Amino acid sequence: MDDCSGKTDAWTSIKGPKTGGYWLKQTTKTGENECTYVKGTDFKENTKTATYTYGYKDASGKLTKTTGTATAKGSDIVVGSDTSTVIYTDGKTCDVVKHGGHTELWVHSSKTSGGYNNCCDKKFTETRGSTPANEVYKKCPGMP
């Protein structure tokens, strides 16, 4: 599917629709933290950087919060020591990225119940291949 190919721009991915945030829906990693999320704010076109707040649900059921910076480097999203490479993004509803050998499907907070771009499911399935997927978004609080 032509429009599912070549959608690898990290800056577009970081920004999304510039409101809400993204939840990690599925990952090839086992033991991932439930309700892992990221949320970009204060998008700077000059530098292709954004403030990035991220975390996950702690033992008591509240979201953790750490704030740093996301920097676009071509296909790559860099936050601190961590780099993720964009496999597919629509800049609106979802992304597929690779981080540290793992394949991840991220979904915008507006689309947690489904109805995001099919290219995300296609590219997630393709990229993970035979590595099983693990669900991460379960009984999550709303997006900070």
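In this text, residue numbers run from 1 along the sequence as written.
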When mean C-alpha B-factors in the record are compared for 55-63 and 24-32, the larger belongs to 55-63
Out of 118-126 and 131-139, which stretch has the higher average CA B-factor listed in the record? 131-139
So among 75, 103, 69, 81, who wins on Cα B-factor in the entry? 81
Largest Cα B-factor, entry values, listed residues 113, 49, 93, 41: 113
Going by the entry, which third of its chain does the Cα temperature factor of residue 99 land in? highest
